[PDB]
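> This is the structure I have questions about; it appears just below.
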Amino acid sequence: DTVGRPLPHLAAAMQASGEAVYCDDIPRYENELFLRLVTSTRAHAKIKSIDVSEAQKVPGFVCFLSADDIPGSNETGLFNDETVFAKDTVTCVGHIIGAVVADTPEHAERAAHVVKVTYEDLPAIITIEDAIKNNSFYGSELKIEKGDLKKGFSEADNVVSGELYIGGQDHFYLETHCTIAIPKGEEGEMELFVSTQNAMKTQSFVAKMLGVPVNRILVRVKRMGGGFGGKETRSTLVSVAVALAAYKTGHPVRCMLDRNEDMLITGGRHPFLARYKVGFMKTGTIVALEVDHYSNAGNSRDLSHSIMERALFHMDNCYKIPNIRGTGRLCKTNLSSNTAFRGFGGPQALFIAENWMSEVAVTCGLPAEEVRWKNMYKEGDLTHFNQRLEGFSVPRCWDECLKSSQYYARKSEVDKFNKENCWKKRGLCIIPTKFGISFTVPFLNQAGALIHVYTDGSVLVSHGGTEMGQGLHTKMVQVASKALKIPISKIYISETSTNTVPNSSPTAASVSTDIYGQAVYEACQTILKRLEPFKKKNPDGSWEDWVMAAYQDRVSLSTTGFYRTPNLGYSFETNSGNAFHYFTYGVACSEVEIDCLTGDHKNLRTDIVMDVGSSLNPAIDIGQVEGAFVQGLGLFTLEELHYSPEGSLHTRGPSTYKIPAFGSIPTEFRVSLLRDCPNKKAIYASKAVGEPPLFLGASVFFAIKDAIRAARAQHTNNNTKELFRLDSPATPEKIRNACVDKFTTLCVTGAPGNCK
Amino acid sequence: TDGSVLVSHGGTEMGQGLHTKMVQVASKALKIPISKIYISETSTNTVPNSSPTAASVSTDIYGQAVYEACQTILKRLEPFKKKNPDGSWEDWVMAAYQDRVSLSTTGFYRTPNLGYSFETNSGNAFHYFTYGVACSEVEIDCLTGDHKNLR
Amino acid sequence: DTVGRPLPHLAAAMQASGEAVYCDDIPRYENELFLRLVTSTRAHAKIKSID
Amino acid sequence: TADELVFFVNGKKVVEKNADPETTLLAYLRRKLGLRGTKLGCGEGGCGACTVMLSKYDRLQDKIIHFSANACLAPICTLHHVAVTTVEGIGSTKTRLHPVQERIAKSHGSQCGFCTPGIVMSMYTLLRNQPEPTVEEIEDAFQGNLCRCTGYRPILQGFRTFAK
Amino acid sequence: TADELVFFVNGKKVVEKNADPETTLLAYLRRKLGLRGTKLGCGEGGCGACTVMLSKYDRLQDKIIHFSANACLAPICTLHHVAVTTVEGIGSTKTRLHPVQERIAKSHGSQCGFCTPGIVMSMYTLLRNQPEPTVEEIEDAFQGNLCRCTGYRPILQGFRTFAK
Amino acid sequence: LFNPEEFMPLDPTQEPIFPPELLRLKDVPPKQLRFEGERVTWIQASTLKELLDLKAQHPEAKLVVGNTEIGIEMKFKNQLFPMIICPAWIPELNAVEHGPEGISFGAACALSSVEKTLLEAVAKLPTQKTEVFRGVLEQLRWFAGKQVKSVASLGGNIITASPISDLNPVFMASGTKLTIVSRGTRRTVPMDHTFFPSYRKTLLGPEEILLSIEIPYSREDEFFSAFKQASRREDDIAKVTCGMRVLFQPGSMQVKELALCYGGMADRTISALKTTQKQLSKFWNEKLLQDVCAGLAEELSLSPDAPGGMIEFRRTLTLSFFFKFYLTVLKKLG
Ligand SMILES: Cc1cc2nc3c(=O)[nH]c(=O)nc-3n(C[C@H](O)[C@H](O)[C@H](O)COP(=O)(O)OP(=O)(O)OC[C@H]3O[C@@H](n4cnc5c(N)ncnc54)[C@H](O)[C@@H]3O)c2cc1C
Ligand SMILES: Nc1nc2c(c(=O)[nH]1)N[C@H]1C(S)=C(S)[C@@H](COP(=O)(O)O)O[C@H]1N2
Ligand SMILES: Nc1nc2[nH]cnc2c(=O)[nH]1
Ligand code: MOS
Ligand code: MOS
Ligand code: FES
Ligand code: FES
Ligand code: FES
Ligand code: FES
C-alpha cells in the first residue's frame, strides 16, 4: 500500500534519461509533412489579399491552406465564435489566417515567412479602458451580492476606494503546443497524437471541421511537457489546422509551435482591472465591500465567463464580509483570446482582496496579521455565495505557519534592518488562501475509467485524465494498487485516449485526482467483486491464481468505472446551492529585501503550510505546492507581457519574458503539509492541490509592498497611513518608481519636488 | 456527444462480414440507423482476453455482447427520452451527457451449459448444430482424368 | 432495422477502390526496418554452425 | 552513367533518375509512390492480386493499346514511355467509384477484399478494350485472378451486367 | 565541391557529406540522427532545454576541453572535429542511469520532464570539468536552464549531494 | 521525501571516453573548408591570411563565431547572408595576451574564457589595477547561462552593437582598445562615442574584422563601476546598463577624467559627454553629485513616446546608478 508514501513520479527516470516520449519525439512517417501557421500582423483589419507566390518557390513547399479548403465547418471554439482560419477579417495580432504545408519544418517556416498579406485597418480595442469606453463586452454583468451595502457603508468608521490592475501571464510550458494527425484514408478516419489536456474537445473540434462523425476521430495523449491550463482548450488551434492538412494532402502531418508563435497565438491568463470600495471599523473589521471586476478576454469567449465566475467566488479570500457586492464584466478586445491558467480567475480576485485588506490594515494603523486574523471566517461560516465552510483549516495553517516561520521574531528583525538601512529595506507578510474544488460548470464534474486485468494478472488502467507533470498517473496507480491490494508493479497506465474513455472533461480545475481516483476505485471494486468467489475457493492462492480461475470460468476481467460529484449546482438567481465540493487551504509567509535605488529585490525566505488532507503522495503534493507557488511568484513579481500601442506583443520569448529562474526562488524555502486533517469528501481522505497554492506567491508581492512602505517612510513623506497604488506584476520598474526620493523627483538636481 | 457510436468487440474481420453483422445488431438494438455506428478495429486495450475469432461462433457471441452493451445504453438514455419524447437521438445523448450519465459500457456473453466430458460421455459439447445438404453433378474425362463441375 | 436484409459488407466499396488498409498498406516510419526469417532446409538435424 | 526512366502512373509523370533493373513495378508503386491498392499475393504471376493496366502507343497497329499485367513481375525498366493505371486511377470513395468498383461491391463480390483491386483492374482492362463484352469474354477475363473467399459466383454475376 | 563535415555524437562518428550551413545541431540530432532526448523549448538560447555537452581537443590550449552549449543555436558547420554528448550518451533506464539522472529523478526534480535532459546535461558538464564542485558552483550552473513545474528546490537539493 | 544514502556513488574515471578516433585527427593540419547549402555558402577559415583574403574578395560575407546573434537574426528577423565565414579556428582570434597596459583577448574568445581570465587576474593582482576587470565581471554576472557564455564570443557582443549590450558601455567608459584589420590594413583605436555611429552599426569598413580587444589595467587614482537594470522588456532597447570611470589628479579628489556611458537610453551605446566635460577639475562632493545628476537628467532626456517606454524608471536609474558610483568612489577614496 503506497498511498501516503513519497513515490517518485512513475516516468521520472525516463524523463531524466530522455527516453520519455513527447508528441514531437514520436518518429515521423516516411511521407509525413509539416505545417506552419500564417497569422495576422494587425490587431483589427479586413484581409484584402493573401499572396503565396513567393512561398510556392520555397523548396519542399506543398500547399497553402485557408478557409476555402475546409470541407466541413469554419466555425469553432468553445462557444462557436471563432474561425479555424480567418476569412474576411482579422481581430487580433496572431489571428490564424491559414497555414503552409511543406516537407520539412525548416521549409514550412521559410515559406510561411514570405506569405504576404494585405490589410485594411479597422478601429481596434486593446485595453480594458478601451473596452469600457466602447462598451465592448461579452455577455452581461455577472454578480454576487449578499447583505445590505448601503447599511454596511453607513455603519463603517472608514471607507477606502481605489483601482487596481493585474497583468496577464504566459503559460510557458516547456513543451509548446503540438499535434500529429494521421489520416487513415478510410471513412474519414484520423488518429491524432496531441499535447492537450482536452482530448474530447480536440476530437469533437477536428470532427466538426472535417464534417465527419466524432466516432471517426481518435485522439491520443501520452503526456504533455506542461499544460497549466493553456492546453485545456487552445491546443485545438494547432490540432484543427494540422487535421485539415492531413485531410487535404492524405499524408501524416505535424506541427510543433516555436516559442514566439506559442506566446503570440495561444492566449494566457486574463489581465484584470478592479474598481473597489471597502468600509471598515477602526478595529479593522470589514463591514462592506463593493468590487467591480473587468477581465481582458481577447477576441473570443473561450473560458472567460467561467473564469470570471471563479473570480467572483473568490473575492472573499478567507474573510467574512457581511455586506458584499462583486460584479464582473468580460472585455471583448482585439488581442489573442485569453484562457485557463492555473487558478482560473481565482488568483486575480484573491489578489484584489488582499490589496484592499492591506489598505485596511494601513489605514487602521494596525499590524496586518491582526487585521487578517480578526476578519477570518470561522468553522461553519457561510461564504458570500452562501456555501458552508466545513473543515475550515485556515486557522491551524495560520498558527502553524506563524510558529514555524518564527514570524514575530523575524518581524522585529525586519524593523531593525529598516532602522539601520537607508537605501535597502526588508518586508515580511503572511497571507492565507482558500480555493474552491470543482468545475464551476456542474456537468464537467464527471469522470470515467476502464480497467482490464490480463491473464498474467497484470492490470492496464485507462482513465479520462492526462499527465502534464502533476503525477496524475502515478497517483492513479497508487490508488488502484491500494484498492486491489496488489503491488504497483502489477499496474500500468500507458496513455489517455478517446477510444477507451469517451466524453472526458478536460484535465483541469485541480479535481482530476479526486474524480478519476473515484472512477478508478469503483472499477477496482467491480473487479474485486468478480474475483471474490475465486478468492473464497482459494484464499491462500495468489492474485495470478484468482485471475486465471476467473478467466477459465468465463468471468469478465474488464470493467468501466464512473464518478459524478454529488450535490453541486450553484444558482446566481437564488445565491444558493454548492458551487464547490470542498475547499483547499493554505498559508504562506514571505520575506524580501528590496534595493530602493534599483528596484531589484531578494526573496529571502518563504514558509508555507498547506492543507491537502491526507496526501496520496507527499512528494508529489509538496512538488505541486512549490511549483504553484513559484508560478504565483512569477505572476506577481517577474512576468510581464508588453504590447505595442497597435496591440502587437513585444515579449515573445525568454529574453524578454522572465519566468522564475533557479536563482529567483526564496533562499530559505520551506513547505509543510498540515497533519491530521483527513478530507471525508475525496479519495482516501486527500485534497486537490494543483491550483490552490499558486496564489500564495502573492506573499512575495505583499512583502515587497511592505518594504516599499518602509522606503517611502524613509524618503517620501511623513504620512504613515498613506495608500499608494501598486499594480501587479511588481517589477523592478514599479518597485523603483514607488520608492519616491530625491532621484525620482529630481530633487537631487536642485529642483523642488515631492519628497522630504 | 454528437450521437455517433463507436463499437469495439473481441472479434476480428477477415472477410466474413463480422463487423457488418455487429453494426446491424447494434443498429437494431439501439433503434438508430447503421450510419450512426462505426467499428474501427479490434484491439487488446479495448476488449481484453478475447478468444480467437474462430469456431464460426463470433456472430453468436459478440452479437450477444454488443446487444447487452446496447441494452445498458438504452436503459441510461430512457429518462431523457421520457423528458423529450418528440426529440432526437442526438438530443437525448447530449441531455444524458449534461446530466453526467455515462455513455460508455461493456457487454459480455458466456455461452451457457457447455461442458462435455470424455470420461463420462455426457455434457453438451455444442450449443446447437448448423445443417445443410448439397447435390452435385460432374462429368469426367475417363481418358485424361479432367472433369467438369456441371451443377 | 437492417437485420435480415442483404446489406453489402461495410468495407466492400473501399476494398474495390484499394482504399481499405491491410497491415502492409500502413505507411512506413522513416526509421522502420524489415525482417526476413531464416529457416531450416532440413527435416531433422543438429545445427552445427551459422555463418 | 545512367539514363532517366520516364513513365506515367494514373496520369502523373514519374521521372526515375536512378532506376534499379531489379525493381518491380509492384515494389515501386507500393514503396516508392505510396500507392498501396495494388497488392502482393504471390510474386510469381499466378494470383493477379497485383494486376494493373498498362497503356502505350503501338507503332504496328497505329493505335493506343491497353492491356493488363502483373505488377509483381513487371520490371520498371521495361516501362519507359508506358502509362500505368492502378485501382486508385479509376475511382475512389472520396470522389466517385468506377462502375466496375461499384458493381463488384454491391453484388457481394468482395469479402476479405484482398483480391478485389486485381479483379477490378482485370475487368476494367476488358472494358477499355471492349465496352460491350459478351458474357463469354467476361469470365475468360479472370484466369489470372484468384479469390479465396467468394467462390466467384457473385463476381461474375455482378459483372454480367456489363454484357449484351 | 563541398568538404565533408565530420563530428562525433555519443562516441559515434558522423560524416555529413552535404552539410547545409543553416542546419542547427538540435535539428540534426532530432531529425537526422533520431536522438530526441534533446528538446526544443525556445530556439533563442534562453531556456536550455536543448543543452548538450561539447568536447574538443583545443589545439591552442593543448588539452581536451568540455563545455555546455545550446543545440538550438549551434550550427553543425561549427562542429568539425567536435564531439557532442546528449542525454542518451550518459545513461539510460535500459542500461544504467548516470548518477546525475538517478538523483534528479529520485529527488522529485522532474515533473513534466521536458526540462530534465537539459538540466541533466548542465550538471553533467559541471562534473566533467569539476568532479568535486562546491555548493556555490552547483547552485550557479543553471542560469541557462528554465523549469516551469518544480520551483527548482528539489533539483538543487538532489544535486547538492555532489558538493563539498 | 528521498534517501540520498541509497544513491549510486559517482565514479569520475568511468565516464564516456573522448572519442579516440577524434583524438587521432588532432594531428591533421587545419585547412579551409567549404560547405554549400540551399541558400548559404559557409567557409571555415583556417588562417588569419585566409580570412583577410576572403573578406577582400567578398566584403559582404558575414562573420559567424558563436552564432548566438546571427542565429537569432536568421530565424526571427528573416535575415539571409548568402556567404558566411567562420573564423573560430584562427589562433590570432583566440589568443589571450598579458601586456603592460592590460589583457588582450582575441575577438573569438568565448565570454566564459574572458570571465575565467579576468577572475584570475582579480584574484592575483592588487585591487587598484583591476577596477575595469571587476566592472566587466559584474556585467557578466546574471548575464546568461553557462551554455551561452561558452560559445558567445567577446567580439561578437561588441560588433553586434545592441543598444542594450552590457559590455559596450564598460568598454567605452574604459577606452578599451580595439585592433581592427583587413587585407593591407591594421589599426588600433580606443573605444569611444564615435565607434557606434547609428543603430547596430560600428565604425568598421565593410572588409574589416575585429581581431583583438585589450581591456586596460586601472591606474592609481582611477576607479570604475558597472551597473545594469534587472528587467528587460524589449528585444534590444530600453534596458539601462552602464560603465562609469573617474581618474583624479594624483592623490586628490579632483576630477581629471570622467566617463559615464550608457546602453538602453538610445538606439546605440552613448556617452554623457556634455555632462562629464563640465566636471573636469571639480572636486568629488555633493555639488558634483548635484551637477552630474542635473546633466544626466537633461543630456539623456527621453520623450514620453521614446521606444521602450519605462521613461521615468530609466531616467531614475541613470541617476541612481551614478549615485551608487559616487558613493563607491567616496569609499575607495577613503
Ligand atoms: C540567451 C542569451 C542571453 C544573452 N544575454 C546578454 C546580456 O544580458 N547582455 C549582453 O550584452 N549580451 C547578451 N547576449 C548577447 C551575446 O553576448 C552575443 O550574442 C554574443 O556575444 C555574440 O557573439 P557570437 O560569437 O555568438 O556572435 P555571432 O552571432 O557569430 O556574430 C554576431 C555579430 O558579430 C559579427 N562578428 C563576430 N565576430 C566578428 C569579428 N571578430 N569581427 C567583425 N565582426 C564580427 C558577426 O558578423 C555578427 O554581425 C545574450 C545572448 C543569448 C543568446
Ligand atoms: N507539473 C505540472 N503541474 C501542474 C500542471 C502542469 O501542467 N504541470 N497544471 C496545473 C493545473 S492548471 C491544473 S488544473 C492541475 C491539473 O491536474 P490535477 O487535476 O491532476 O491536479 O495541475 C496543475 N499542476
Ligand atoms: N479549468 C477550469 N475549466 C472550467 N470550465 C468550466 N468551469 C471550469 C473551471 O472551474 N476550471
Ligand atoms: O484548471 Mo488548470 O487547467 S488552469
Ligand atoms: O475455426 Mo476457423 O478459424 S478454422
Ligand atoms: S502477386 Fe500474385 S500475380 Fe503478382
Ligand atoms: S475477397 Fe478475399 S480473396 Fe477475394
Ligand atoms: S531551445 Fe531554448 S535555449 Fe535552445
Ligand atoms: S519538470 Fe516541467 S519544465 Fe521542468
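Numbering starts fresh at 1 for the residues of each chain in the C-alpha cells, the chains themselves are lettered A, B, ... in the order given, and ligands are numbered from 1 as they appear.
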Could you list, as a ChimeraX atom specification, all the residues within 8 Å of ligand 4, counting only C-alpha atoms and all ligand atoms?

/A:197,227-232,340-344,506-510,690-691

> Could you list the residues in chain E lying within 12 Å of chain C, using only C-alpha atoms, and format the result as number ranges by chain?

E: 31-35

> Just to be explicit: take each residue in the selection above, keep N, CA, C and O atoms, and write the result as a short mmCIF file (atom, residue, chain, number, x, y, z; two decimals), in the first residue's frame.


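What ended up in part33.cif:
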```
data_model
loop_
_atom_site.label_atom_id
_atom_site.label_comp_id
_atom_site.auth_asym_id
_atom_site.auth_seq_id
_atom_site.Cartn_x
_atom_site.Cartn_y
_atom_site.Cartn_z
N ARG E 31 16.25 15.27 -36.01
CA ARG E 31 15.58 14.99 -37.28
C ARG E 31 16.44 14.26 -38.30
O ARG E 31 15.92 13.76 -39.31
N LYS E 32 17.74 14.20 -38.04
CA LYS E 32 18.60 13.34 -38.85
C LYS E 32 19.06 12.10 -38.10
O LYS E 32 18.99 10.98 -38.63
N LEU E 33 19.54 12.29 -36.87
CA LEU E 33 20.06 11.17 -36.08
C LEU E 33 19.01 10.43 -35.24
O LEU E 33 19.28 9.33 -34.73
N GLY E 34 17.82 11.02 -35.10
CA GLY E 34 16.73 10.38 -34.36
C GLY E 34 16.98 10.30 -32.86
O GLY E 34 16.45 9.41 -32.18
N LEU E 35 17.79 11.22 -32.35
CA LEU E 35 18.06 11.31 -30.91
C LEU E 35 17.21 12.43 -30.33
O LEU E 35 17.58 13.61 -30.36
#
```

> Hey, list the chain F side of the contact with chain E: 8 Å cut-off, only C-alpha atoms, answer as a PyMOL selection string.

chain F and resi 1-2+4+7-10+12+15-19+22-23+25-26+33-38+40-42+65-68+71-72+86+91+142+144-148+150-151

> From the DSSP assignment of the backbone, select every residue of range 3-150 of chain B that is strand (DSSP E), and format the answer as a ChimeraX atom specification.

/B:5-6,37-38,138-140,147-149

> Over all Cα atoms in order, fit chain E to chain D and jot down the RMSD to one decimal place.

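C-alpha RMSD after optimal superposition stands at 0.4 Å.
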